[PDB]
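For reference, protein_18.cif is printed below; it contains mmCIF, N, CA and C atoms (P, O5', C5', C4', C3', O3' and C1' of nucleotides).
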```
data_coords
loop_
_atom_site.label_atom_id
_atom_site.label_comp_id
_atom_site.auth_asym_id
_atom_site.auth_seq_id
_atom_site.Cartn_x
_atom_site.Cartn_y
_atom_site.Cartn_z
N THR A 1 108.83 109.28 80.01
CA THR A 1 107.47 109.78 80.25
C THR A 1 106.39 109.03 79.49
N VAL A 2 106.52 108.98 78.16
CA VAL A 2 105.50 108.41 77.29
C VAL A 2 105.44 106.89 77.38
N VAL A 3 106.56 106.25 77.72
CA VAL A 3 106.65 104.80 77.76
C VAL A 3 106.03 104.31 79.06
N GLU A 4 106.10 105.13 80.11
CA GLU A 4 105.49 104.82 81.39
C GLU A 4 103.98 104.98 81.29
N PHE A 5 103.53 105.95 80.49
CA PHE A 5 102.12 106.11 80.17
C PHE A 5 101.55 104.92 79.40
N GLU A 6 102.34 104.32 78.52
CA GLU A 6 101.89 103.20 77.71
C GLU A 6 101.62 101.97 78.57
N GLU A 7 102.49 101.71 79.55
CA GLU A 7 102.30 100.58 80.45
C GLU A 7 101.24 100.90 81.50
N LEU A 8 101.17 102.17 81.92
CA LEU A 8 100.23 102.57 82.95
C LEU A 8 98.80 102.55 82.40
N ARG A 9 98.60 103.07 81.18
CA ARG A 9 97.27 103.14 80.59
C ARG A 9 96.80 101.74 80.21
N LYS A 10 97.73 100.82 79.93
CA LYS A 10 97.38 99.44 79.63
C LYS A 10 96.69 98.82 80.83
N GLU A 11 97.16 99.16 82.04
CA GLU A 11 96.57 98.62 83.25
C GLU A 11 95.22 99.29 83.55
N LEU A 12 95.03 100.52 83.08
CA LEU A 12 93.75 101.19 83.25
C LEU A 12 92.73 100.63 82.25
N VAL A 13 93.19 100.27 81.05
CA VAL A 13 92.31 99.79 79.99
C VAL A 13 91.85 98.37 80.32
N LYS A 14 92.71 97.58 80.96
CA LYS A 14 92.37 96.20 81.31
C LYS A 14 91.42 96.18 82.51
N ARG A 15 91.38 97.28 83.27
CA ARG A 15 90.46 97.43 84.40
C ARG A 15 89.21 98.21 84.00
N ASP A 16 89.22 98.84 82.83
CA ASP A 16 88.10 99.64 82.34
C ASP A 16 86.89 98.75 82.08
N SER A 17 85.69 99.33 82.13
CA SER A 17 84.44 98.61 81.88
C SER A 17 84.18 98.48 80.38
N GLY A 18 84.86 99.30 79.57
CA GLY A 18 84.73 99.28 78.12
C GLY A 18 83.59 100.17 77.64
N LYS A 19 82.80 100.73 78.57
CA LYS A 19 81.71 101.64 78.22
C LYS A 19 82.27 103.02 77.89
N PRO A 20 81.63 103.75 76.96
CA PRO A 20 82.02 105.10 76.59
C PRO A 20 81.69 106.08 77.72
N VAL A 21 82.38 107.22 77.74
CA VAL A 21 82.25 108.21 78.81
C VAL A 21 80.81 108.71 78.98
N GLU A 22 80.01 108.64 77.92
CA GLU A 22 78.63 109.10 77.97
C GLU A 22 77.79 108.21 78.89
N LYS A 23 78.27 107.00 79.18
CA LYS A 23 77.60 106.10 80.11
C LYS A 23 78.12 106.31 81.52
N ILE A 24 79.35 106.81 81.67
CA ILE A 24 79.97 106.96 82.98
C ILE A 24 79.25 108.02 83.80
N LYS A 25 78.96 109.19 83.21
CA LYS A 25 78.25 110.21 83.97
C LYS A 25 76.78 109.83 84.13
N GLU A 26 76.23 109.06 83.18
CA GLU A 26 74.82 108.70 83.22
C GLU A 26 74.54 107.73 84.37
N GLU A 27 75.42 106.75 84.56
CA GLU A 27 75.25 105.75 85.60
C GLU A 27 75.59 106.34 86.97
N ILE A 28 76.40 107.41 87.02
CA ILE A 28 76.72 108.06 88.28
C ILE A 28 75.60 109.00 88.71
N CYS A 29 74.98 109.70 87.75
CA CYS A 29 73.98 110.71 88.06
C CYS A 29 72.62 110.09 88.41
N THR A 30 72.43 108.80 88.11
CA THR A 30 71.22 108.09 88.49
C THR A 30 71.32 107.46 89.89
N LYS A 31 72.54 107.38 90.43
CA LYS A 31 72.79 106.85 91.77
C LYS A 31 72.65 107.97 92.80
N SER A 32 72.79 107.62 94.08
CA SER A 32 72.62 108.57 95.18
C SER A 32 73.88 108.71 96.05
N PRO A 33 75.09 108.80 95.46
CA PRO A 33 76.31 109.04 96.21
C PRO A 33 76.30 110.46 96.78
N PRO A 34 77.26 110.79 97.65
CA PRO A 34 77.36 112.10 98.28
C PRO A 34 77.34 113.23 97.26
N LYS A 35 76.84 114.40 97.68
CA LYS A 35 76.67 115.54 96.79
C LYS A 35 78.01 115.98 96.19
N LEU A 36 79.11 115.79 96.92
CA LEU A 36 80.40 116.28 96.49
C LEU A 36 80.80 115.63 95.16
N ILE A 37 80.84 114.30 95.13
CA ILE A 37 81.27 113.58 93.94
C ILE A 37 80.18 113.62 92.86
N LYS A 38 78.91 113.62 93.27
CA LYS A 38 77.81 113.58 92.31
C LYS A 38 77.67 114.91 91.57
N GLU A 39 77.71 116.02 92.30
CA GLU A 39 77.48 117.32 91.69
C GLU A 39 78.61 117.68 90.72
N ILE A 40 79.84 117.24 91.01
CA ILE A 40 80.97 117.51 90.14
C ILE A 40 80.86 116.71 88.83
N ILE A 41 80.27 115.51 88.89
CA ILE A 41 80.06 114.69 87.70
C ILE A 41 78.80 115.11 86.95
N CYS A 42 77.81 115.67 87.66
CA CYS A 42 76.49 115.91 87.10
C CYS A 42 76.21 117.39 86.84
N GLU A 43 77.23 118.25 86.95
CA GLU A 43 77.08 119.68 86.70
C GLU A 43 78.40 120.26 86.19
N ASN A 44 78.35 121.47 85.62
CA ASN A 44 79.51 122.12 85.02
C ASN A 44 80.54 122.57 86.06
N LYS A 45 80.24 122.43 87.35
CA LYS A 45 81.17 122.79 88.41
C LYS A 45 82.32 121.80 88.45
N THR A 46 83.39 122.15 89.18
CA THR A 46 84.58 121.32 89.25
C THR A 46 85.36 121.48 90.56
N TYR A 47 85.23 122.64 91.20
CA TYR A 47 85.89 122.88 92.48
C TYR A 47 85.11 124.00 93.18
N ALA A 48 84.49 124.91 92.43
CA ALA A 48 83.76 126.04 93.00
C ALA A 48 82.53 125.58 93.78
N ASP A 49 82.02 124.37 93.49
CA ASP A 49 80.87 123.84 94.20
C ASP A 49 81.21 123.49 95.65
N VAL A 50 82.44 123.00 95.87
CA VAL A 50 82.90 122.56 97.18
C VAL A 50 84.03 123.46 97.70
N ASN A 51 84.35 124.52 96.95
CA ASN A 51 85.38 125.49 97.30
C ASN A 51 86.75 124.83 97.57
N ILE A 52 86.97 123.63 97.01
CA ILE A 52 88.23 122.91 97.18
C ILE A 52 89.25 123.42 96.16
N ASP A 53 90.53 123.08 96.36
CA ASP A 53 91.58 123.41 95.39
C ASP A 53 91.36 122.57 94.14
N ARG A 54 91.63 123.15 92.97
CA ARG A 54 91.39 122.48 91.69
C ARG A 54 92.24 121.22 91.55
N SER A 55 93.37 121.15 92.26
CA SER A 55 94.24 119.99 92.23
C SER A 55 93.59 118.81 92.96
N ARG A 56 92.93 119.08 94.09
CA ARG A 56 92.30 118.04 94.88
C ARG A 56 90.91 117.70 94.35
N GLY A 57 90.24 118.66 93.71
CA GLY A 57 88.94 118.41 93.11
C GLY A 57 89.08 117.34 92.03
N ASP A 58 90.16 117.43 91.24
CA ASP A 58 90.45 116.42 90.22
C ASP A 58 90.89 115.10 90.85
N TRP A 59 91.67 115.18 91.93
CA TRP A 59 92.21 113.99 92.58
C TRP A 59 91.09 113.11 93.15
N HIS A 60 90.12 113.72 93.84
CA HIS A 60 89.02 112.98 94.43
C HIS A 60 88.10 112.37 93.37
N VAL A 61 87.91 113.07 92.25
CA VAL A 61 87.06 112.57 91.17
C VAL A 61 87.75 111.41 90.47
N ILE A 62 89.07 111.51 90.26
CA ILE A 62 89.81 110.46 89.57
C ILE A 62 89.81 109.17 90.39
N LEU A 63 89.94 109.27 91.71
CA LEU A 63 89.96 108.09 92.57
C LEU A 63 88.60 107.40 92.55
N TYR A 64 87.52 108.17 92.39
CA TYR A 64 86.18 107.62 92.44
C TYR A 64 85.85 106.77 91.21
N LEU A 65 86.34 107.17 90.04
CA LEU A 65 86.09 106.44 88.80
C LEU A 65 86.92 105.17 88.74
N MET A 66 88.08 105.17 89.41
CA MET A 66 88.93 103.99 89.47
C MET A 66 88.28 102.90 90.32
N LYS A 67 87.52 103.29 91.35
CA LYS A 67 86.80 102.34 92.19
C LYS A 67 85.57 101.79 91.47
N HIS A 68 85.01 102.56 90.53
CA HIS A 68 83.90 102.09 89.71
C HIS A 68 84.39 101.18 88.59
N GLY A 69 85.70 101.10 88.38
CA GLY A 69 86.27 100.24 87.36
C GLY A 69 86.04 100.80 85.96
N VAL A 70 85.93 102.13 85.84
CA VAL A 70 85.68 102.79 84.56
C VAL A 70 86.83 103.70 84.16
N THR A 71 88.03 103.44 84.70
CA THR A 71 89.19 104.29 84.46
C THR A 71 89.73 104.10 83.05
N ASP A 72 90.14 105.21 82.41
CA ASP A 72 90.68 105.20 81.06
C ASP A 72 91.25 106.61 80.83
N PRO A 73 92.43 106.75 80.22
CA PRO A 73 93.05 108.05 80.00
C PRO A 73 92.13 108.99 79.22
N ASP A 74 91.36 108.45 78.28
CA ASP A 74 90.48 109.27 77.47
C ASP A 74 89.36 109.89 78.30
N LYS A 75 88.84 109.14 79.28
CA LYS A 75 87.79 109.62 80.15
C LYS A 75 88.37 110.56 81.20
N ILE A 76 89.51 110.17 81.77
CA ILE A 76 90.13 110.89 82.88
C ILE A 76 90.67 112.25 82.43
N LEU A 77 91.08 112.36 81.16
CA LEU A 77 91.64 113.60 80.66
C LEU A 77 90.55 114.52 80.10
N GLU A 78 89.45 113.93 79.62
CA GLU A 78 88.37 114.70 79.01
C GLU A 78 87.45 115.30 80.07
N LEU A 79 87.35 114.66 81.24
CA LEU A 79 86.43 115.12 82.27
C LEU A 79 87.00 116.31 83.04
N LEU A 80 88.29 116.62 82.84
CA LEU A 80 88.93 117.71 83.55
C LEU A 80 88.32 119.05 83.12
N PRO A 81 88.30 120.03 84.03
CA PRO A 81 87.68 121.33 83.80
C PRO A 81 88.56 122.22 82.94
N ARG A 82 88.02 123.37 82.54
CA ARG A 82 88.76 124.36 81.77
C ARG A 82 89.79 125.09 82.63
N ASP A 83 89.73 124.92 83.95
CA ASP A 83 90.74 125.47 84.85
C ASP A 83 91.96 124.56 85.04
N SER A 84 91.96 123.40 84.38
CA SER A 84 93.08 122.48 84.42
C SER A 84 94.02 122.73 83.25
N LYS A 85 95.33 122.64 83.49
CA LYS A 85 96.33 122.76 82.43
C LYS A 85 96.34 121.48 81.59
N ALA A 86 95.69 120.43 82.08
CA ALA A 86 95.70 119.11 81.45
C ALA A 86 95.07 119.13 80.06
N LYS A 87 94.16 120.08 79.80
CA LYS A 87 93.54 120.21 78.49
C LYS A 87 93.71 121.62 77.92
N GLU A 88 93.99 122.60 78.78
CA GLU A 88 94.15 123.98 78.34
C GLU A 88 95.56 124.20 77.77
N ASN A 89 96.52 123.37 78.20
CA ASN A 89 97.90 123.42 77.72
C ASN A 89 98.44 124.86 77.78
N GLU A 90 98.25 125.52 78.93
CA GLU A 90 98.65 126.91 79.10
C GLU A 90 100.15 127.09 78.86
N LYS A 91 100.96 126.15 79.36
CA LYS A 91 102.40 126.19 79.18
C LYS A 91 103.03 124.86 79.62
N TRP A 92 102.45 124.24 80.65
CA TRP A 92 102.97 123.00 81.21
C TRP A 92 102.50 121.84 80.34
N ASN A 93 103.37 120.84 80.14
CA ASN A 93 103.06 119.71 79.28
C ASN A 93 102.06 118.77 79.96
N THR A 94 101.03 118.36 79.23
CA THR A 94 99.98 117.50 79.76
C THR A 94 100.39 116.04 79.84
N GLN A 95 101.36 115.63 79.02
CA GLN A 95 101.77 114.23 78.99
C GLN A 95 102.50 113.87 80.28
N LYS A 96 103.33 114.78 80.81
CA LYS A 96 104.03 114.51 82.06
C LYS A 96 103.10 114.76 83.24
N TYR A 97 102.11 115.65 83.07
CA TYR A 97 101.09 115.85 84.09
C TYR A 97 100.23 114.61 84.31
N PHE A 98 99.80 113.98 83.22
CA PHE A 98 99.04 112.74 83.29
C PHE A 98 99.77 111.62 84.00
N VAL A 99 101.06 111.43 83.68
CA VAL A 99 101.83 110.33 84.23
C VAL A 99 101.99 110.52 85.74
N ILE A 100 102.10 111.76 86.20
CA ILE A 100 102.28 112.05 87.62
C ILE A 100 100.97 111.81 88.38
N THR A 101 99.86 112.33 87.85
CA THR A 101 98.57 112.26 88.54
C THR A 101 98.00 110.85 88.51
N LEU A 102 98.05 110.17 87.36
CA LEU A 102 97.47 108.84 87.25
C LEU A 102 98.31 107.83 88.00
N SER A 103 99.64 107.99 88.00
CA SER A 103 100.51 107.03 88.66
C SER A 103 100.22 106.99 90.16
N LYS A 104 100.02 108.16 90.77
CA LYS A 104 99.72 108.24 92.19
C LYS A 104 98.29 107.80 92.46
N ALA A 105 97.32 108.35 91.71
CA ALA A 105 95.92 108.07 91.97
C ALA A 105 95.61 106.60 91.74
N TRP A 106 96.20 105.99 90.71
CA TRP A 106 95.93 104.60 90.40
C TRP A 106 96.63 103.67 91.37
N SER A 107 97.82 104.07 91.84
CA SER A 107 98.55 103.26 92.81
C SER A 107 97.77 103.18 94.11
N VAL A 108 97.10 104.27 94.48
CA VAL A 108 96.37 104.37 95.73
C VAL A 108 95.14 103.46 95.68
N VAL A 109 94.45 103.40 94.54
CA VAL A 109 93.22 102.63 94.45
C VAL A 109 93.50 101.14 94.31
N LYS A 110 94.50 100.76 93.52
CA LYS A 110 94.76 99.35 93.28
C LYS A 110 95.26 98.68 94.56
N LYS A 111 96.00 99.41 95.41
CA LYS A 111 96.45 98.85 96.68
C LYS A 111 95.31 98.88 97.70
N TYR A 112 94.31 99.71 97.44
CA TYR A 112 93.09 99.77 98.24
C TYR A 112 92.12 98.62 97.97
N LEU A 113 92.17 98.04 96.76
CA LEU A 113 91.28 96.95 96.39
C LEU A 113 92.02 95.63 96.16
N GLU A 114 93.33 95.61 96.41
CA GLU A 114 94.12 94.39 96.25
C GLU A 114 93.59 93.28 97.16
N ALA A 115 93.88 92.02 96.80
CA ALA A 115 93.44 90.86 97.56
C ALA A 115 94.39 89.68 97.31
"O5'" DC B 1 105.74 115.51 91.45
"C5'" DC B 1 105.79 114.18 91.92
"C4'" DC B 1 107.23 113.78 92.26
"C3'" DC B 1 108.12 113.89 91.02
"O3'" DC B 1 109.47 114.18 91.36
"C1'" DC B 1 107.91 111.64 91.71
P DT B 2 109.94 115.66 91.84
"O5'" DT B 2 109.98 116.53 90.48
"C5'" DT B 2 108.81 117.17 90.00
"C4'" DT B 2 109.15 118.01 88.76
"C3'" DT B 2 107.86 118.63 88.21
"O3'" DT B 2 108.08 119.94 87.72
"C1'" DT B 2 108.90 117.26 86.59
P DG B 3 108.28 121.20 88.71
"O5'" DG B 3 106.90 121.26 89.55
"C5'" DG B 3 105.72 121.79 88.98
"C4'" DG B 3 104.59 121.77 90.00
"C3'" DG B 3 104.35 120.34 90.51
"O3'" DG B 3 104.04 120.33 91.89
"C1'" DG B 3 102.38 121.25 89.61
P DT B 4 105.19 120.52 93.00
"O5'" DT B 4 104.35 120.35 94.36
"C5'" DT B 4 103.91 119.07 94.78
"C4'" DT B 4 102.72 119.25 95.73
"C3'" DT B 4 102.27 117.90 96.29
"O3'" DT B 4 101.72 118.09 97.58
"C1'" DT B 4 100.64 118.79 94.80
P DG B 5 101.12 116.86 98.43
"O5'" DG B 5 99.55 116.91 98.07
"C5'" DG B 5 98.68 115.89 98.52
"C4'" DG B 5 97.23 116.27 98.23
"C3'" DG B 5 96.32 115.08 98.51
"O3'" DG B 5 95.07 115.51 98.98
"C1'" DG B 5 96.54 115.51 96.15
P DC B 6 94.73 115.52 100.56
"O5'" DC B 6 94.37 113.98 100.83
"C5'" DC B 6 93.18 113.43 100.30
"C4'" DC B 6 93.01 111.97 100.73
"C3'" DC B 6 93.04 111.85 102.26
"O3'" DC B 6 92.00 110.99 102.69
"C1'" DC B 6 94.69 110.47 101.26
P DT B 7 91.38 111.12 104.18
"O5'" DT B 7 92.45 110.37 105.12
"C5'" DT B 7 92.21 110.25 106.51
"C4'" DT B 7 93.24 109.33 107.16
"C3'" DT B 7 94.67 109.80 106.90
"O3'" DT B 7 95.49 109.68 108.05
"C1'" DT B 7 94.33 107.59 106.10
P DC B 8 95.29 110.64 109.33
"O5'" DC B 8 95.05 109.60 110.54
"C5'" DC B 8 93.88 108.81 110.58
"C4'" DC B 8 93.85 107.96 111.85
"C3'" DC B 8 95.09 107.08 111.96
"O3'" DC B 8 95.31 106.73 113.32
"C1'" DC B 8 93.19 105.78 111.41
P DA B 9 96.69 106.05 113.82
"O5'" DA B 9 97.79 107.18 113.49
"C5'" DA B 9 98.61 107.08 112.34
"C4'" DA B 9 99.44 108.35 112.16
"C3'" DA B 9 100.16 108.72 113.45
"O3'" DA B 9 101.41 109.32 113.17
"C1'" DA B 9 98.59 110.39 112.85
#
```

Write out the structure in this file as structure tokens.
Amino acid sequence: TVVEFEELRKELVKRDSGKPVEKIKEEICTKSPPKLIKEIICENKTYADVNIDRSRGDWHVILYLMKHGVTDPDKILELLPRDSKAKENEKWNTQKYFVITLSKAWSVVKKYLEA
DNA sequence: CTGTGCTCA
């Protein structure tokens, strides 16, 4: 689990813009993307704004930051809502949750922008 | 992939 995270996050860090998370929401909220992705980044909502499942609300937001080239485990894990087990640690381990979600979400984007 | 996510089917 943890060793796959080390190689996976290395590929996210080498694709990261190097800017801190405080710039990620700032540069998104000044743009005019669709209300769905913008309102989730620019307000305390996370799924209740679009009435989507909390699993897919996180999935769509994670894919969007990977296309902006600002992906990083620190940003991706911190932006999650209080309804996510990823930071609430209700009972399920967050380390294996991260490896599952990032492995799929990152695989989808990198094959989407490959050349 | 151990809690599931999309896309033209």

(message) I need the chain B residues near chain A as a PyMOL selection string; criterion: at most 8 Å, counting only N, CA and C atoms (P, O5', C5', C4', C3', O3' and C1' of nucleotides).
(response) chain B and resi 1-6

Nearby residues (only N, CA and C atoms (P, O5', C5', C4', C3', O3' and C1' of nucleotides)) at most 8 Å from residue 40 (chain A), same-chain spacing under 5 positions excluded, as a CSV table (one decimal) with N, CA and C atoms, in the frame of the given file:
```csv
chain,number,residue,atom,x,y,z
A,34,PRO,N,77.3,110.8,97.6
A,34,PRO,CA,77.4,112.1,98.3
A,34,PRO,C,77.3,113.2,97.3
A,35,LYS,N,76.8,114.4,97.7
A,35,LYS,CA,76.7,115.5,96.8
A,35,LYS,C,78.0,116.0,96.2
A,45,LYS,N,80.2,122.4,87.4
A,45,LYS,CA,81.2,122.8,88.4
A,45,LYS,C,82.3,121.8,88.4
A,46,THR,N,83.4,122.2,89.2
A,46,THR,CA,84.6,121.3,89.2
A,46,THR,C,85.4,121.5,90.6
A,47,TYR,N,85.2,122.6,91.2
A,47,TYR,CA,85.9,122.9,92.5
A,47,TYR,C,85.1,124.0,93.2
A,49,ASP,N,82.0,124.4,93.5
A,49,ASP,CA,80.9,123.8,94.2
A,49,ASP,C,81.2,123.5,95.6
A,50,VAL,N,82.4,123.0,95.9
A,50,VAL,CA,82.9,122.6,97.2
A,50,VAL,C,84.0,123.5,97.7
A,61,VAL,N,87.9,113.1,92.2
A,61,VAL,CA,87.1,112.6,91.2
A,61,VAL,C,87.8,111.4,90.5
```

Step by step, gather every atom of chain B that the file lists, find the box along x, y and z that holds them, add 8 Å on each side, and finally give centre and edge lengths in Å to one decimal, as JSON.
```
{"center_x": 100.7, "center_y": 113.8, "center_z": 100.2, "size_x": 34.6, "size_y": 32.0, "size_z": 43.2}
```

(request) From region 65-110 of chain A, collect each residue whose DSSP state is helix (DSSP H, G or I) and return the set as a PyMOL selection string. (result) chain A and resi 65-67+73-78+85-88+94-110

Please produce an output containing N, CA and C atoms for each residue in the selection, written as a PDB file, in the frame of the given file.
```pdb
ATOM      1  N   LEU A  65      86.340 107.170  90.040  1.00  0.00           N
ATOM      2  CA  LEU A  65      86.090 106.440  88.800  1.00  0.00           C
ATOM      3  C   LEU A  65      86.920 105.170  88.740  1.00  0.00           C
ATOM      4  N   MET A  66      88.080 105.170  89.410  1.00  0.00           N
ATOM      5  CA  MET A  66      88.930 103.990  89.470  1.00  0.00           C
ATOM      6  C   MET A  66      88.280 102.900  90.320  1.00  0.00           C
ATOM      7  N   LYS A  67      87.520 103.290  91.350  1.00  0.00           N
ATOM      8  CA  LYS A  67      86.800 102.340  92.190  1.00  0.00           C
ATOM      9  C   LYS A  67      85.570 101.790  91.470  1.00  0.00           C
ATOM     10  N   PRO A  73      92.430 106.750  80.220  1.00  0.00           N
ATOM     11  CA  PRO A  73      93.050 108.050  80.000  1.00  0.00           C
ATOM     12  C   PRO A  73      92.130 108.990  79.220  1.00  0.00           C
ATOM     13  N   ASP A  74      91.360 108.450  78.280  1.00  0.00           N
ATOM     14  CA  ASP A  74      90.480 109.270  77.470  1.00  0.00           C
ATOM     15  C   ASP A  74      89.360 109.890  78.300  1.00  0.00           C
ATOM     16  N   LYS A  75      88.840 109.140  79.280  1.00  0.00           N
ATOM     17  CA  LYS A  75      87.790 109.620  80.150  1.00  0.00           C
ATOM     18  C   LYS A  75      88.370 110.560  81.200  1.00  0.00           C
ATOM     19  N   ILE A  76      89.510 110.170  81.770  1.00  0.00           N
ATOM     20  CA  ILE A  76      90.130 110.890  82.880  1.00  0.00           C
ATOM     21  C   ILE A  76      90.670 112.250  82.430  1.00  0.00           C
ATOM     22  N   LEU A  77      91.080 112.360  81.160  1.00  0.00           N
ATOM     23  CA  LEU A  77      91.640 113.600  80.660  1.00  0.00           C
ATOM     24  C   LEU A  77      90.550 114.520  80.100  1.00  0.00           C
ATOM     25  N   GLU A  78      89.450 113.930  79.620  1.00  0.00           N
ATOM     26  CA  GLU A  78      88.370 114.700  79.010  1.00  0.00           C
ATOM     27  C   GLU A  78      87.450 115.300  80.070  1.00  0.00           C
ATOM     28  N   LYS A  85      95.330 122.640  83.490  1.00  0.00           N
ATOM     29  CA  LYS A  85      96.330 122.760  82.430  1.00  0.00           C
ATOM     30  C   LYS A  85      96.340 121.480  81.590  1.00  0.00           C
ATOM     31  N   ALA A  86      95.690 120.430  82.080  1.00  0.00           N
ATOM     32  CA  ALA A  86      95.700 119.110  81.450  1.00  0.00           C
ATOM     33  C   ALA A  86      95.070 119.130  80.060  1.00  0.00           C
ATOM     34  N   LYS A  87      94.160 120.080  79.800  1.00  0.00           N
ATOM     35  CA  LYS A  87      93.540 120.210  78.490  1.00  0.00           C
ATOM     36  C   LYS A  87      93.710 121.620  77.920  1.00  0.00           C
ATOM     37  N   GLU A  88      93.990 122.600  78.780  1.00  0.00           N
ATOM     38  CA  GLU A  88      94.150 123.980  78.340  1.00  0.00           C
ATOM     39  C   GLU A  88      95.560 124.200  77.770  1.00  0.00           C
ATOM     40  N   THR A  94     101.030 118.360  79.230  1.00  0.00           N
ATOM     41  CA  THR A  94      99.980 117.500  79.760  1.00  0.00           C
ATOM     42  C   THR A  94     100.390 116.040  79.840  1.00  0.00           C
ATOM     43  N   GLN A  95     101.360 115.630  79.020  1.00  0.00           N
ATOM     44  CA  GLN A  95     101.770 114.230  78.990  1.00  0.00           C
ATOM     45  C   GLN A  95     102.500 113.870  80.280  1.00  0.00           C
ATOM     46  N   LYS A  96     103.330 114.780  80.810  1.00  0.00           N
ATOM     47  CA  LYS A  96     104.030 114.510  82.060  1.00  0.00           C
ATOM     48  C   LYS A  96     103.100 114.760  83.240  1.00  0.00           C
ATOM     49  N   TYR A  97     102.110 115.650  83.070  1.00  0.00           N
ATOM     50  CA  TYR A  97     101.090 115.850  84.090  1.00  0.00           C
ATOM     51  C   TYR A  97     100.230 114.610  84.310  1.00  0.00           C
ATOM     52  N   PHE A  98      99.800 113.980  83.220  1.00  0.00           N
ATOM     53  CA  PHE A  98      99.040 112.740  83.290  1.00  0.00           C
ATOM     54  C   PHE A  98      99.770 111.620  84.000  1.00  0.00           C
ATOM     55  N   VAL A  99     101.060 111.430  83.680  1.00  0.00           N
ATOM     56  CA  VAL A  99     101.830 110.330  84.230  1.00  0.00           C
ATOM     57  C   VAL A  99     101.990 110.520  85.740  1.00  0.00           C
ATOM     58  N   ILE A 100     102.100 111.760  86.200  1.00  0.00           N
ATOM     59  CA  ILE A 100     102.280 112.050  87.620  1.00  0.00           C
ATOM     60  C   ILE A 100     100.970 111.810  88.380  1.00  0.00           C
ATOM     61  N   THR A 101      99.860 112.330  87.850  1.00  0.00           N
ATOM     62  CA  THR A 101      98.570 112.260  88.540  1.00  0.00           C
ATOM     63  C   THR A 101      98.000 110.850  88.510  1.00  0.00           C
ATOM     64  N   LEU A 102      98.050 110.170  87.360  1.00  0.00           N
ATOM     65  CA  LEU A 102      97.470 108.840  87.250  1.00  0.00           C
ATOM     66  C   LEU A 102      98.310 107.830  88.000  1.00  0.00           C
ATOM     67  N   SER A 103      99.640 107.990  88.000  1.00  0.00           N
ATOM     68  CA  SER A 103     100.510 107.030  88.660  1.00  0.00           C
ATOM     69  C   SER A 103     100.220 106.990  90.160  1.00  0.00           C
ATOM     70  N   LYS A 104     100.020 108.160  90.770  1.00  0.00           N
ATOM     71  CA  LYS A 104      99.720 108.240  92.190  1.00  0.00           C
ATOM     72  C   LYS A 104      98.290 107.800  92.460  1.00  0.00           C
ATOM     73  N   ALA A 105      97.320 108.350  91.710  1.00  0.00           N
ATOM     74  CA  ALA A 105      95.920 108.070  91.970  1.00  0.00           C
ATOM     75  C   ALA A 105      95.610 106.600  91.740  1.00  0.00           C
ATOM     76  N   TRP A 106      96.200 105.990  90.710  1.00  0.00           N
ATOM     77  CA  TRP A 106      95.930 104.600  90.400  1.00  0.00           C
ATOM     78  C   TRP A 106      96.630 103.670  91.370  1.00  0.00           C
ATOM     79  N   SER A 107      97.820 104.070  91.840  1.00  0.00           N
ATOM     80  CA  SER A 107      98.550 103.260  92.810  1.00  0.00           C
ATOM     81  C   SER A 107      97.770 103.180  94.110  1.00  0.00           C
ATOM     82  N   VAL A 108      97.100 104.270  94.480  1.00  0.00           N
ATOM     83  CA  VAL A 108      96.370 104.370  95.730  1.00  0.00           C
ATOM     84  C   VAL A 108      95.140 103.460  95.680  1.00  0.00           C
ATOM     85  N   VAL A 109      94.450 103.400  94.540  1.00  0.00           N
ATOM     86  CA  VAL A 109      93.220 102.630  94.450  1.00  0.00           C
ATOM     87  C   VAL A 109      93.500 101.140  94.310  1.00  0.00           C
ATOM     88  N   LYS A 110      94.500 100.760  93.520  1.00  0.00           N
ATOM     89  CA  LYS A 110      94.760  99.350  93.280  1.00  0.00           C
ATOM     90  C   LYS A 110      95.260  98.680  94.560  1.00  0.00           C
TER      91      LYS A 110
END
```

(message) If we count all atoms listed in the file and set the cut-off at 8 Å, which residues sit around residue 38 (chain A), ignoring sequence neighbours fewer than 5 positions away in its own chain? Please answer as an NGL selection string.
(response) :A and (28-29 or 31-33 or 43)

(message) I need the residue nearest residue 72 (chain A) from this list: A:52, A:102, A:42, A:37. Use only C-alpha atoms for the distance.
(response)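 When distances to residue 72 (chain A) are compared using only C-alpha atoms, the smallest one comes from A:102.
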
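Residues of protein, DNA or RNA having at least one counted atom within 6 Å of (85.4, 104.6, 82.2), given only C-alpha atoms (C1' of nucleotides), are residues 16, 21, 24, 70, 71, 72 and 75 of chain A.
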
Restricting it to N, CA and C atoms, dump the selection as a PDB file, keeping the file's coordinate frame.
```
ATOM      1  N   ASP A  16      89.220  98.840  82.830  1.00  0.00           N
ATOM      2  CA  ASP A  16      88.100  99.640  82.340  1.00  0.00           C
ATOM      3  C   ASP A  16      86.890  98.750  82.080  1.00  0.00           C
ATOM      4  N   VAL A  21      82.380 107.220  77.740  1.00  0.00           N
ATOM      5  CA  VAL A  21      82.250 108.210  78.810  1.00  0.00           C
ATOM      6  C   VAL A  21      80.810 108.710  78.980  1.00  0.00           C
ATOM      7  N   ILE A  24      79.350 106.810  81.670  1.00  0.00           N
ATOM      8  CA  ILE A  24      79.970 106.960  82.980  1.00  0.00           C
ATOM      9  C   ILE A  24      79.250 108.020  83.800  1.00  0.00           C
ATOM     10  N   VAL A  70      85.930 102.130  85.840  1.00  0.00           N
ATOM     11  CA  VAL A  70      85.680 102.790  84.560  1.00  0.00           C
ATOM     12  C   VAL A  70      86.830 103.700  84.160  1.00  0.00           C
ATOM     13  N   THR A  71      88.030 103.440  84.700  1.00  0.00           N
ATOM     14  CA  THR A  71      89.190 104.290  84.460  1.00  0.00           C
ATOM     15  C   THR A  71      89.730 104.100  83.050  1.00  0.00           C
ATOM     16  N   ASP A  72      90.140 105.210  82.410  1.00  0.00           N
ATOM     17  CA  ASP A  72      90.680 105.200  81.060  1.00  0.00           C
ATOM     18  C   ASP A  72      91.250 106.610  80.830  1.00  0.00           C
ATOM     19  N   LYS A  75      88.840 109.140  79.280  1.00  0.00           N
ATOM     20  CA  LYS A  75      87.790 109.620  80.150  1.00  0.00           C
ATOM     21  C   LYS A  75      88.370 110.560  81.200  1.00  0.00           C
TER      22      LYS A  75
END
```
